[PDB]
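Asker: Take a look at the following structure, please.
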Amino acid sequence: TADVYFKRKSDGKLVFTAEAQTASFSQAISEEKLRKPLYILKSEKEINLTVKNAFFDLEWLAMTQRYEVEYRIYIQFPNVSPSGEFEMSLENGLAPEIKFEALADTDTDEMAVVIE
Amino acid sequence: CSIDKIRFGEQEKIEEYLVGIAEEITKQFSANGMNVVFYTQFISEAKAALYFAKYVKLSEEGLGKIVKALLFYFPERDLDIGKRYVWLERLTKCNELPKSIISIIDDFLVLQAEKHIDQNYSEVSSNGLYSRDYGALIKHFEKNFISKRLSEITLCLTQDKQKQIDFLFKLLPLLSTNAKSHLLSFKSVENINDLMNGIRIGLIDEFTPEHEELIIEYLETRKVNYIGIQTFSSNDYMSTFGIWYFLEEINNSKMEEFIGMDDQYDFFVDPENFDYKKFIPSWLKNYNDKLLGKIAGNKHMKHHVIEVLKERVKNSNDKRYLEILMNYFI
Amino acid sequence: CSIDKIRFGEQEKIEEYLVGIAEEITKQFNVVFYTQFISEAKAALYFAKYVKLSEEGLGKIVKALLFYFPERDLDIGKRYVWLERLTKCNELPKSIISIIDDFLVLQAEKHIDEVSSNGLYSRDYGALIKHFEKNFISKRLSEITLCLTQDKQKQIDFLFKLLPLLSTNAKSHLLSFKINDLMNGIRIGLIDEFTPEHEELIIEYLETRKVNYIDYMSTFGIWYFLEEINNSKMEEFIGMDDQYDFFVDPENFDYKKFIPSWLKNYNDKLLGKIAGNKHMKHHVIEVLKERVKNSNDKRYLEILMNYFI
């Protein structure tokens, strides 16, 4: 029962709102054998977010014919990207789910920040 | 379940299947953009096929065309560079690297070098893996390759395009000797990120006082910025300093003032008072053969590690924890 | 899943339901209704292992599954499984001991003329009786032990297994009437410390095994390992079989002839004694890890995560 505010990177405009259902924090290692030398602490960090219901901003669809989100104490999560998968069903359909995963840039080397 | 146990028959038929789908994607991207509905229907199947392609032995022209399609003629919006890289690693798992795919990876990373002209533009990967890992894989499976085009580019490289400098920095082993000298002419170790970039490319073999002062400066900075509200991050540098101290590669007992603000830091430096209740078993996943041998040899926490090991392996069914406890009995 | 760990709420209605089921099964003694009622009853009493229940209700349930349950659906070994499951969560005061004693003398009257697939019978009923509140005497068993005619072998044989539950005067008749003799006596508990005649019989049986060399023999070795026999002569009697060589000597016993199945027969106390002995530690951990990494049997993994042999 936590709300989602998805907004643009460039400005403070809100792309939409939602109510996320699940977050995957799949942090693990890569293949060890194929990847004395100084230790680097290799990892396969991966974070994904999935939401069941989303209410769409009227302004974005009004003028629309690298973002970030806030999940609510409340956690900001920047540098995101939607994932474009959609398969239709024989049954008429109804709740719009959407997935966005964590886009990691080279410089920052961190992905998740939390505030309280 | 470990899907590596399954046997693959009629490899020729699936080989033709992937040859055809790679041809289709190359034709699609090659001209006229794409057919939107057909693209949305077909991209997921193509991605799944290329992903599952790891377990099939492929002919030379086969995986050559497959890798060229996967890298060049794939729209950027679905897989970023990191997913493309791990995809390449998977499909090269079965097949050793021949000369041709070295040509392909070389010229594509050449276009990547061409891309970083705008300073706003930086390569982004979901998994955090970038072209420096490409250079790592050429070094791993070739061990002697020296690039020509990149050396020529960095020969005509000036102070203006900083992105070019710090890109060619991360792939220095591929660079030639004169190319390496030209690149390091304008390159100096300014921040920590540069520090383990040079470490990973292999330039740094020991910590001269410059790296020591840089890391202690970062430690002072984080001690300053911690103090009332606090924010969790996943930069994994402080844990790296901890594992450096435990390995005894570093020999400056000045950072002991930095006990407390995070876990997996004091456990490598002062494990005897690490307060094991906050130990997250996932730590044991990140390390490797040598580090695991080391923390097995330390013996001052080995009982705690074996306790958490048996607890996790009994509670979980990952079947990797049994491997980690069985190999070295930590 | 560890159903013991997961907590339970609203105990009042849960114990009321258990009490009602017990009352119904008591008043039962129409079979078509019974056909499906019996599965529900068995499931309830089996899975009620993890629920706290008050005293009087506990007595009702124990009476219910002690007498009124027939043998077609609930066997005597299953009756044990059920009642020990019930007693795991809550320890029984004197009353439940009284009812189970009454059921034991009911079994005594039954034996005037006992099948368990798990092979659990009244002797380990007496074992559970003696496990807690050891200072117990079965008065009814005592007076029926005083009246033990020599002709009626079945009653004495059944009561022979119930040695500790009787009194000295009662057990006097049983010891008056009642290598196999020694091992059954120690198993039931007729004698706890071995008299010199006992190790003399053991040594003569071993000597006969020697003269036949050029199946309770492993018991002598596992007695040596526990330091229960101190005749100081069985060290001259090594080599008949692999397991005896294991117990009687830690390092002389060659380790390639070990069979891990013996560890599946080892109980908790002597396996812990092996673990803490440290004389055979290397080979036992080697074979344990080899079995874990090479066999699908999971008894070895519990061996390691409990004892570290």
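Residues in the structure tokens are named by chain (A, B, ... in the order shown) and by number from 1 within that chain; ligands are numbered from 1 in the order shown.
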Up to 8 Å from chain A, what residues of chain B turn up? Count only C-alpha atoms and give them as a ChimeraX atom specification.
Answerer: /B:40,44,78,122-128,130,136-137,140,193,196,199-200,202,205,229-236,240,244,282,285-288
Asker: Quick one: residues within 6 Å of region 248-262 of chain C, only C-alpha atoms, excluding same-chain residues fewer than 4 positions away - as a PyMOL selection string?
Answerer: chain C and resi 221+244+279-280
Asker: For residue 52 (chain A), work out the shell of residues within 9 Å, counting only C-alpha atoms and skipping chain neighbours fewer than 5 positions away, then give it as a PyMOL selection string.
Answerer: chain A and resi 18-22+95-99
Asker: Using only C-alpha atoms, tabulate the residues of region 176-287 of chain C lying at most 10 Å from any atom of region 150-169 of chain C, each with its closest atom pair and that distance in Å to one decimal, by chain and increasing residue number, as CSV.
Answerer:
```
residue,atom,partner,partner_atom,distance
C:177,CA,C:150,CA,7.7
C:178,CA,C:160,CA,7.3
C:184,CA,C:161,CA,8.9
C:185,CA,C:161,CA,8.8
C:187,CA,C:161,CA,8.9
C:188,CA,C:161,CA,5.7
C:189,CA,C:163,CA,6.7
C:190,CA,C:163,CA,6.5
C:191,CA,C:163,CA,10.0
```
Asker: Using only C-alpha atoms, which residue out of B:156, B:6, B:203, B:18 lies closest to residue 182 (chain B)?
Answerer: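 Answer, going by the shortest atom-to-atom distance: B:156.
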Asker: Just the residues within 9 Å of region 225-229 of chain C, please, counting only C-alpha atoms, with nothing from its chain fewer than 3 positions along; format it as a PyMOL selection string.
Answerer: chain C and resi 193-194+199+220-222+232+247-249+270+273-274
Asker: Given a cut-off of 10 Å, which residues of chain B touch chain C, counting only C-alpha atoms, written out as an MDAnalysis selection string?
Answerer: chainID B and resid 306:307 309:311 313:315 322:323 326
Asker: DSSP on the backbone: what in chain A comes out strand (DSSP E or B), as a PyMOL selection string?
Answerer: chain A and resi 4-8+14-24+48-56+67-71+74-83+98-102+104-105+115
Asker: Take the residues from that selection and write them out as a tab-separated table (two decimals), in the first residue's frame, keeping C-alpha atoms.
Answerer:
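The file below, result11.tsv, is the result:
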```tsv
chain	number	residue	atom	x	y	z
A	4	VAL	CA	4.76	5.84	-6.64
A	5	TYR	CA	5.62	9.23	-8.18
A	6	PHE	CA	7.41	8.79	-11.52
A	7	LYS	CA	8.90	12.02	-12.84
A	8	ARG	CA	11.31	13.42	-15.41
A	14	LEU	CA	5.47	14.16	-12.93
A	15	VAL	CA	5.18	11.49	-15.62
A	16	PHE	CA	2.60	9.52	-13.63
A	17	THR	CA	1.73	7.89	-10.33
A	18	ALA	CA	1.35	4.25	-9.34
A	19	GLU	CA	1.29	1.74	-6.47
A	20	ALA	CA	4.23	-0.64	-6.72
A	21	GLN	CA	3.78	-4.32	-5.92
A	22	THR	CA	7.28	-5.82	-5.90
A	23	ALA	CA	10.98	-4.91	-5.92
A	24	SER	CA	13.75	-7.32	-6.93
A	48	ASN	CA	14.08	-4.01	-10.79
A	49	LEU	CA	10.70	-2.57	-9.78
A	50	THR	CA	7.26	-3.86	-10.80
A	51	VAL	CA	3.93	-2.05	-10.32
A	52	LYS	CA	0.34	-3.19	-10.91
A	53	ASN	CA	-1.68	0.04	-11.26
A	54	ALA	CA	-0.62	3.39	-12.74
A	55	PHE	CA	-2.58	6.63	-13.10
A	56	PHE	CA	-1.37	8.62	-16.11
A	67	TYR	CA	13.67	9.44	-15.52
A	68	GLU	CA	13.43	8.80	-11.78
A	69	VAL	CA	10.90	7.81	-9.15
A	70	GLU	CA	9.87	8.24	-5.53
A	71	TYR	CA	8.34	5.36	-3.55
A	74	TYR	CA	10.09	7.26	1.45
A	75	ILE	CA	12.84	6.26	-0.97
A	76	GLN	CA	14.06	8.14	-4.04
A	77	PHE	CA	15.39	5.99	-6.89
A	78	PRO	CA	17.06	7.79	-9.82
A	79	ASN	CA	18.38	6.92	-13.28
A	80	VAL	CA	15.66	4.46	-14.23
A	81	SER	CA	14.31	2.93	-17.41
A	82	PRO	CA	10.97	1.36	-18.39
A	83	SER	CA	10.92	-2.11	-19.92
A	98	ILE	CA	4.69	-1.87	-15.81
A	99	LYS	CA	8.29	-2.78	-14.97
A	100	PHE	CA	11.23	-0.40	-14.75
A	101	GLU	CA	14.79	-1.45	-14.00
A	102	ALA	CA	17.81	0.32	-12.59
A	104	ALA	CA	23.56	2.33	-13.68
A	105	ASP	CA	25.96	4.96	-14.98
A	115	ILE	CA	15.94	9.14	2.89
```
Asker: When you look at residue 106 (chain C) with a cut-off of 12 Å (counting only C-alpha atoms), what residues show up, excluding the ones that are within fewer than 3 positions of it in the same chain? I need them as a ChimeraX atom specification.
Answerer: /C:66-67,99-103,109-112,122,140-141,144,155
Asker: Could you turn the residues from that selection into a file that holds N, CA, C and O atoms, as a PDB file, in the first residue's frame?
Answerer:
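File part24.pdb, as written:
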```
ATOM      1  N   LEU C  66      -6.399 -43.267  23.587  1.00  0.00           N
ATOM      2  CA  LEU C  66      -5.855 -44.438  24.259  1.00  0.00           C
ATOM      3  C   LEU C  66      -6.797 -45.632  24.176  1.00  0.00           C
ATOM      4  O   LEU C  66      -6.366 -46.730  23.808  1.00  0.00           O
ATOM      5  N   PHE C  67      -8.078 -45.458  24.507  1.00  0.00           N
ATOM      6  CA  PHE C  67      -8.958 -46.625  24.492  1.00  0.00           C
ATOM      7  C   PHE C  67      -9.809 -46.746  23.234  1.00  0.00           C
ATOM      8  O   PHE C  67      -9.735 -47.763  22.539  1.00  0.00           O
ATOM      9  N   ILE C  99      -3.499 -42.394  33.263  1.00  0.00           N
ATOM     10  CA  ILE C  99      -4.292 -42.974  32.175  1.00  0.00           C
ATOM     11  C   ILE C  99      -3.443 -43.905  31.315  1.00  0.00           C
ATOM     12  O   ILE C  99      -3.912 -44.967  30.881  1.00  0.00           O
ATOM     13  N   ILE C 100      -2.193 -43.530  31.037  1.00  0.00           N
ATOM     14  CA  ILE C 100      -1.381 -44.410  30.200  1.00  0.00           C
ATOM     15  C   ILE C 100      -1.018 -45.685  30.957  1.00  0.00           C
ATOM     16  O   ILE C 100      -0.899 -46.756  30.353  1.00  0.00           O
ATOM     17  N   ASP C 101      -0.859 -45.608  32.281  1.00  0.00           N
ATOM     18  CA  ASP C 101      -0.668 -46.821  33.070  1.00  0.00           C
ATOM     19  C   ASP C 101      -1.896 -47.720  32.987  1.00  0.00           C
ATOM     20  O   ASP C 101      -1.778 -48.949  32.880  1.00  0.00           O
ATOM     21  N   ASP C 102      -3.089 -47.122  33.047  1.00  0.00           N
ATOM     22  CA  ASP C 102      -4.310 -47.906  32.900  1.00  0.00           C
ATOM     23  C   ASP C 102      -4.375 -48.569  31.529  1.00  0.00           C
ATOM     24  O   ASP C 102      -4.787 -49.727  31.408  1.00  0.00           O
ATOM     25  N   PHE C 103      -3.961 -47.854  30.483  1.00  0.00           N
ATOM     26  CA  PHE C 103      -3.941 -48.473  29.161  1.00  0.00           C
ATOM     27  C   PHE C 103      -2.898 -49.581  29.086  1.00  0.00           C
ATOM     28  O   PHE C 103      -3.095 -50.577  28.381  1.00  0.00           O
ATOM     29  N   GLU C 109      -3.984 -57.200  30.173  1.00  0.00           N
ATOM     30  CA  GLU C 109      -5.160 -58.055  30.056  1.00  0.00           C
ATOM     31  C   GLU C 109      -5.387 -58.528  28.626  1.00  0.00           C
ATOM     32  O   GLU C 109      -5.873 -59.644  28.426  1.00  0.00           O
ATOM     33  N   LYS C 110      -5.054 -57.698  27.634  1.00  0.00           N
ATOM     34  CA  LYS C 110      -5.192 -58.097  26.237  1.00  0.00           C
ATOM     35  C   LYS C 110      -4.286 -59.279  25.918  1.00  0.00           C
ATOM     36  O   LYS C 110      -4.694 -60.218  25.224  1.00  0.00           O
ATOM     37  N   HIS C 111      -3.063 -59.267  26.442  1.00  0.00           N
ATOM     38  CA  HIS C 111      -2.082 -60.296  26.116  1.00  0.00           C
ATOM     39  C   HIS C 111      -2.413 -61.665  26.699  1.00  0.00           C
ATOM     40  O   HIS C 111      -1.564 -62.561  26.637  1.00  0.00           O
ATOM     41  N   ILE C 112      -3.609 -61.854  27.265  1.00  0.00           N
ATOM     42  CA  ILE C 112      -3.979 -63.157  27.813  1.00  0.00           C
ATOM     43  C   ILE C 112      -4.021 -64.213  26.714  1.00  0.00           C
ATOM     44  O   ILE C 112      -3.716 -65.386  26.956  1.00  0.00           O
ATOM     45  N   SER C 122       4.800 -51.623  23.963  1.00  0.00           N
ATOM     46  CA  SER C 122       4.640 -51.084  25.311  1.00  0.00           C
ATOM     47  C   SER C 122       5.971 -50.856  26.019  1.00  0.00           C
ATOM     48  O   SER C 122       6.025 -50.101  26.998  1.00  0.00           O
ATOM     49  N   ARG C 140      -0.579 -51.344  39.616  1.00  0.00           N
ATOM     50  CA  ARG C 140      -1.342 -52.417  38.988  1.00  0.00           C
ATOM     51  C   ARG C 140      -0.416 -53.433  38.334  1.00  0.00           C
ATOM     52  O   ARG C 140      -0.573 -54.650  38.524  1.00  0.00           O
ATOM     53  N   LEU C 141       0.568 -52.944  37.576  1.00  0.00           N
ATOM     54  CA  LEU C 141       1.595 -53.825  37.038  1.00  0.00           C
ATOM     55  C   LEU C 141       2.328 -54.550  38.154  1.00  0.00           C
ATOM     56  O   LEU C 141       2.704 -55.712  37.991  1.00  0.00           O
ATOM     57  N   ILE C 144       0.062 -57.443  39.436  1.00  0.00           N
ATOM     58  CA  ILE C 144      -0.055 -58.507  38.439  1.00  0.00           C
ATOM     59  C   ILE C 144       1.300 -59.174  38.222  1.00  0.00           C
ATOM     60  O   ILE C 144       1.382 -60.303  37.724  1.00  0.00           O
ATOM     61  N   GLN C 155       2.269 -63.404  29.307  1.00  0.00           N
ATOM     62  CA  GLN C 155       2.194 -62.249  30.198  1.00  0.00           C
ATOM     63  C   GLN C 155       3.560 -61.905  30.779  1.00  0.00           C
ATOM     64  O   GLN C 155       3.925 -60.726  30.859  1.00  0.00           O
TER      65      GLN C 155
END
```
Asker: Record the distance separating CA of residue 88 (chain C) and CA of residue 125 (chain C), expressed in Å with one decimal.
Answerer: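 Going from CA of residue 88 (chain C) over to CA of residue 125 (chain C), I get 14.4 Å.
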Asker: Using DSSP secondary structure from the backbone, list all alpha helix (DSSP H) positions within region 241-294 of chain C, as a PDB file with C-alpha atoms, in the first residue's frame.
Answerer:
```pdb
ATOM      1  CA  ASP C 242      35.648 -53.955  10.033  1.00  0.00           C
ATOM      2  CA  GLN C 243      33.323 -52.282  12.543  1.00  0.00           C
ATOM      3  CA  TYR C 244      34.890 -54.012  15.557  1.00  0.00           C
ATOM      4  CA  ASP C 245      38.284 -52.859  14.291  1.00  0.00           C
ATOM      5  CA  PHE C 246      36.834 -49.346  14.097  1.00  0.00           C
ATOM      6  CA  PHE C 247      35.537 -49.228  17.663  1.00  0.00           C
ATOM      7  CA  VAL C 248      38.360 -51.053  19.418  1.00  0.00           C
ATOM      8  CA  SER C 261      25.765 -47.065   6.672  1.00  0.00           C
ATOM      9  CA  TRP C 262      26.959 -47.816  10.212  1.00  0.00           C
ATOM     10  CA  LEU C 263      26.711 -44.082  10.910  1.00  0.00           C
ATOM     11  CA  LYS C 264      23.030 -44.305   9.967  1.00  0.00           C
ATOM     12  CA  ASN C 265      22.694 -46.857  12.790  1.00  0.00           C
ATOM     13  CA  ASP C 268      22.943 -39.372  19.087  1.00  0.00           C
ATOM     14  CA  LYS C 269      24.959 -39.974  22.260  1.00  0.00           C
ATOM     15  CA  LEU C 270      27.621 -42.310  20.869  1.00  0.00           C
ATOM     16  CA  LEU C 271      27.857 -40.316  17.632  1.00  0.00           C
ATOM     17  CA  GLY C 272      28.577 -37.249  19.748  1.00  0.00           C
ATOM     18  CA  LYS C 273      31.108 -39.345  21.653  1.00  0.00           C
ATOM     19  CA  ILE C 274      32.758 -40.139  18.306  1.00  0.00           C
ATOM     20  CA  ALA C 275      32.712 -36.433  17.420  1.00  0.00           C
ATOM     21  CA  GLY C 276      34.300 -35.392  20.720  1.00  0.00           C
ATOM     22  CA  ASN C 277      36.770 -38.283  20.789  1.00  0.00           C
ATOM     23  CA  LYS C 281      37.838 -37.157  13.478  1.00  0.00           C
ATOM     24  CA  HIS C 282      39.666 -36.791  10.153  1.00  0.00           C
ATOM     25  CA  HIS C 283      38.398 -39.970   8.514  1.00  0.00           C
ATOM     26  CA  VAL C 284      34.831 -39.630   9.776  1.00  0.00           C
ATOM     27  CA  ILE C 285      34.561 -36.066   8.474  1.00  0.00           C
ATOM     28  CA  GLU C 286      36.139 -37.215   5.199  1.00  0.00           C
ATOM     29  CA  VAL C 287      33.607 -40.014   4.691  1.00  0.00           C
ATOM     30  CA  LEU C 288      30.786 -37.729   5.856  1.00  0.00           C
ATOM     31  CA  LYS C 289      31.654 -35.033   3.319  1.00  0.00           C
ATOM     32  CA  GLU C 290      32.174 -37.659   0.607  1.00  0.00           C
ATOM     33  CA  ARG C 291      28.708 -39.078   1.267  1.00  0.00           C
ATOM     34  CA  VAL C 292      27.157 -35.602   1.286  1.00  0.00           C
ATOM     35  CA  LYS C 293      28.754 -34.581  -2.015  1.00  0.00           C
ATOM     36  CA  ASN C 294      28.300 -38.017  -3.616  1.00  0.00           C
TER      37      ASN C 294
END
```
Asker: Write out as a count of residues only the residues lying within 9 Å of region 210-225 of chain B, counting only C-alpha atoms and excluding same-chain residues fewer than 5 positions away.
Answerer: 14
Asker: Would you kindly return, as a VMD selection string, each protein, DNA or RNA residue with an atom no farther than 12 Å from any atom of residue 62 (chain C), considering only C-alpha atoms and excluding same-chain residues fewer than 3 positions away?
Answerer: chain C and resid 18 to 19 21 to 23 25 to 26 45 48 53 55 to 59 65 to 69 79 to 80 82 to 87 92 95 to 103
Asker: So how many Å separate CA of residue 223 (chain C) and CA of residue 303 (chain C), to one decimal?
Answerer: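 Spanning CA of residue 223 (chain C) to CA of residue 303 (chain C) is a straight-line distance of 21.4 Å.
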